[PDB]
Structure formats: structure tokens, C-alpha cells
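The form deposited in one PDB entry is given below as one chain in C-alpha cells.
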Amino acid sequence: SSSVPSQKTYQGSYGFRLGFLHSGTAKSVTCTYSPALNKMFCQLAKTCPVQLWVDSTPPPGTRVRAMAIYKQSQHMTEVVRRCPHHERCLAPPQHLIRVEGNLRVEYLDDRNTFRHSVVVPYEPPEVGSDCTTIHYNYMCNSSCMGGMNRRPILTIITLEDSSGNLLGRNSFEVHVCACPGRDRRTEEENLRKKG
């Protein structure tokens, strides 16, 4: 059995999709999302709100899981972990991705694949709104030595029922950096000029 989780978008029978909030591109804005690149640019240990959108309401007991994988083919089979520095200085210190502001968060270390994930219960949007927001946190920069070490990652968000069935899957690239607005504008300019 493969230890590499799928990243292919699966909107599923519930119409599962992600949403992200517009940001305003200061050089060091705390987070900013590029629709053209399907890529979040954000700062380490700071809030990265992700919206959950569904056409049909999931069944009770549905869970929302987040997992990071390296985007490039030569690194895909390597588990994404926190670097030794940020690990040394609740959430186990080896986990890259945290969820803030949720009382039912669980951190999994898969017994077979060794991959990390963080799971919270799915809550339908309150009577009166269109989506559900999760406050994620990335605890390393993409550049961290001994961790992501300048390798781009994807975050895989899966909607799963209590029985474990995959109900939906979406993914976005993440670049954790000191200056999200600068790096977003640079990669988007490179895309237009040399893409």
C-alpha cells in the first residue's frame, strides 16, 4: 500500500471546495492567497484562515483533516516535519501544521506511513453564513534548514466521515516566508514573464 497520500482534487458528492480571504499586498502581509497559482503565502506561527465551502451538508461526525506533502517529485515520499530548531523552541513539536481556536483538535502520527495530520470536527456554517473557517498555523518557514529546507509543500484538506470514508479533498500550495507579499508578487511576475 502506498504511503504517499493523494493530492488530486475530489469535490465529491457534497461539493467540497476551499475559500481564502483577500488580503491587500503589503510586502510583509501576514498571509495572502494567489488564485492564479492556487498558493498561500504566509508567515510562520501566524494565523492562516482557510474557508470550507460545501453544496450539501456533510453527515454528523464528519471530520476535517490537514496534511502537508512535498510538491516536487523527488521529495514526495518524504514526510513533512518541523525543523529541529523550531521543534526545540497539545500539538506535538514535530508537527508543522497546527489548528488554533478549536477545542476538539487531534494530532495524528500515522502508525504505518509516519505522516503527520491535524483533524478537527466539521461544523456547518452558523444559521446565517456561507462557509466555515479553520485557523491553521505553519510552524516553520519553507526555508527552514533541517525541515522543509526551501522545498515547496502542498496542504491537503480532506473531508472524511466518522467511518473514515473520503468525502472530499482539496489542496493548495504553501510558501511560508518572512515577506508573503513580496514573494507572491515575485512568483506571479515570473509566471507571466517566463511561465
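Heads up: residue numbers just count along the shown sequence, starting at 1.
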Unmodelled stretch of the deposited sequence separating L103 from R104, binned as none, 1 to 3, 4 to 9 or 10 or more:
none
Entry B factor averaged over C-alpha atoms, 69-77 against 121-129: higher for 121-129
Which is higher in the entry, the mean Cα B factor of 152-160 or that of 30-38?
30-38
I'd like to know which of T62, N137, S142, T57 has the highest C-alpha temperature factor in the PDB entry.
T57
Assert third(CA B-factor, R98) within chain per record equals lowest
Comparing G181 with the other modelled residues of its chain, is its CA B-factor in the lowest, middle or highest third?
middle
Taking the C-alpha B-factors as the PDB entry records them, is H85 in the lowest, middle or highest third of its chain?
middle
Using only modelled residues of the chain, where does the Cα B factor of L21 rank: lowest third, middle third or highest third?
highest
Ranking the modelled residues of this chain by C-alpha B-factor as given in the entry, is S171 in the lowest, middle or highest third?
lowest
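Beyond what is shown, the protein has a form deposited with a partner chain bound; the following relates to that form.
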So in the deposited bound form, is the partner chain close enough to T158 to count as touching (4.5 Å, heavy atoms)?
yes
